[PDB]
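Given as structure tokens, the chain that follows is alone and in the form deposited without this ligand.
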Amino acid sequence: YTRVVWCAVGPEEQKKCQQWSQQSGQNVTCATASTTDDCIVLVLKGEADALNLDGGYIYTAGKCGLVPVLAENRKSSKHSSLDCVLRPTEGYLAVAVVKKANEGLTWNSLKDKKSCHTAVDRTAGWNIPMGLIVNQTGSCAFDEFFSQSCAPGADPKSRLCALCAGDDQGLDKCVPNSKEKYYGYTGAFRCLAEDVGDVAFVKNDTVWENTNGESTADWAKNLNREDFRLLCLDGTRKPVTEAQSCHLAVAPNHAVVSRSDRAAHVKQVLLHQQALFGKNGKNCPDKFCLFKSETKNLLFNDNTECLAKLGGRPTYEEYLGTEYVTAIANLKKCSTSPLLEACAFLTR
């Protein structure tokens, strides 16, 4: 057991995994399934060793006995002195992004509006918002709070899989991988911009990245900041600029996970794989780059500087937080999750 078996979600992520694998020298190899939940099943079964996961999926991974290995990190505003791999992890800002166009659409007016979702179970997309809606209404009927929505991974027939478009042909509509046109940070934000939904549930960084021609993608070229406002909890409406005083909650950074045994191994292999193929990687852009996927945030986020280390070797709880673990657990009192049911039965 020297090779590291990486699970890729969907085919777009599989192509990038191939390259990584060829170029690594079989040092890192590929497994693939259609969803993140599926891939977390591969790691359990041991048809794979590791993948990078949104907090959301980490809770799940975490309940199923998997542990975090490295956390993504990105451009800070402090000590350039400290090495990226030792630079402390910041944690991203989950926001509800609307258009200034949409008059009188505050947080409290979201009732029966249209919504764009990264995916079900994800932090910014789903846990932070649906957490705060579900609690406030003291109702588990989140499935009925928005008139219509795009949350891939939700029931394809249901009204959360209304606005979801699919791929090139409109096949495999509302599947939680990149094949879905409105999937992920980017796909949800395209959704708000193309005016399919009144609000998007993505992160601060997503907005900037896809506004003011900071994006080669056709749909994001023209877009400008002032045509997008942030809903604050208290009820106010503020510009994307003021995300510090107008954000729903603080997200823990997309970590990598594995089984316990394979953690230390996976740690070493990755620290070396990123030294080779990272942003400041000898063989980047010489042969292949791991943190570049064509604004498709494949395997890792594109805004990822490196993968920093985890102080005190922490539990899924310790990493995510006691606050956000409480939030998820409550929201999850409202749903049945087969994966999370099975793991409970077979990690008692």
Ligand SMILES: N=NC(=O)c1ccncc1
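Numbering starts at 1 and follows the sequence shown.
A.B. asks: If you take the mean CA temperature factor per stretch, which one wins between 223 to 231 and 263 to 271?
C.D. replies: Higher mean C-alpha B-factor in the PDB entry: 223 to 231.
A.B. asks: Comparing average C-alpha B factors as deposited, tell me which of 334 to 342 and 7 to 15 sits higher.
C.D. replies: So the stretch with the higher mean C-alpha B-factor is 7 to 15.
A.B. asks: Say you rank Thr216, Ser178, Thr123, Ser139 by Cα B-factor from the PDB entry; which sits at the top?
C.D. replies: Comparing C-alpha B-factors across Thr216, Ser178, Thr123, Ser139, the top value belongs to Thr216.
A.B. asks: Between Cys150, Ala71, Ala101, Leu276, let me know which has the highest C-alpha B-factor in the entry?
C.D. replies: Largest recorded C-alpha B-factor: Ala101.
A.B. asks: Within this chain, which third does the Cα B-factor at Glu318 fall in: lowest, middle or highest?
C.D. replies: Middle third - that is where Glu318 ends up once the chain's C-alpha B-factors are sorted.
A.B. asks: Where does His247 sit by CA temperature factor within its chain: lowest, middle or highest third?
C.D. replies: It belongs to the middle third of the chain when residues are ordered by C-alpha B-factor.
A.B. asks: Just say lowest, middle or highest third for the CA B-factor of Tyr182 relative to the other modelled residues in its chain.
C.D. replies: It falls in the top third of the chain.
A.B. asks: Ordered by C-alpha B-factor within the chain, which third holds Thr106? Give me lowest, middle or highest, please.
C.D. replies: It belongs to the highest third of the chain when residues are ordered by C-alpha B-factor.
A.B. asks: Considering every modelled residue of the chain and its Cα B-factor in the PDB entry, is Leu163 in the lowest, middle or highest third?
C.D. replies: Its C-alpha B-factor belongs to the middle third of this chain's values.
The same protein also exists as the form deposited with this ligand bound; that form is not shown, yet it is the one meant from here on.
A.B. asks: Open or blocked: this ligand, posed as in the deposited bound form, superposed onto this form via site C-alphas, with 3 or more ligand atoms within 2.4 Å of backbone or C-beta counting as blocked?
C.D. replies: Pocket open on this form.
A.B. asks: Although the partner isn't part of this model, could you tell me whether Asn253 comes within 4.5 Å of this ligand in the deposited bound form, counting any heavy atom of the residue?
C.D. replies: Contact with this ligand, yes.
A.B. asks: Does any part of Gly91 reach within 4.5 Å of this ligand in the deposited bound form? Heavy atoms only, please.
C.D. replies: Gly91: yes, in contact with this ligand in the deposited bound form.
A.B. asks: Could you confirm whether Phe291 comes within 4.5 Å of this ligand in the deposited bound form, counting heavy atoms only?
C.D. replies: Heavy-atom contact with this ligand at 4.5 Å: absent for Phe291.
A.B. asks: Should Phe300 be counted as a contact of this ligand in the deposited bound form, where contact means heavy atoms within 4.5 Å?
C.D. replies: Because no heavy atom of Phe300 falls inside 4.5 Å of this ligand in the deposited bound form, the answer is no.
A.B. asks: Tell me, please, which stretch of 163 to 171, 98 to 106, 82 to 90, 193 to 201 lies within 4.5 angstroms of this ligand in the deposited bound form when heavy atoms are compared?
C.D. replies: Of the options given, it is 82 to 90.
A.B. asks: Could you pull out the residues of 305 to 333 that have any heavy atom within 4.5 Å of this ligand in the deposited bound form?
C.D. replies: Only a single residue, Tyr319, comes within 4.5 Å of the partner.
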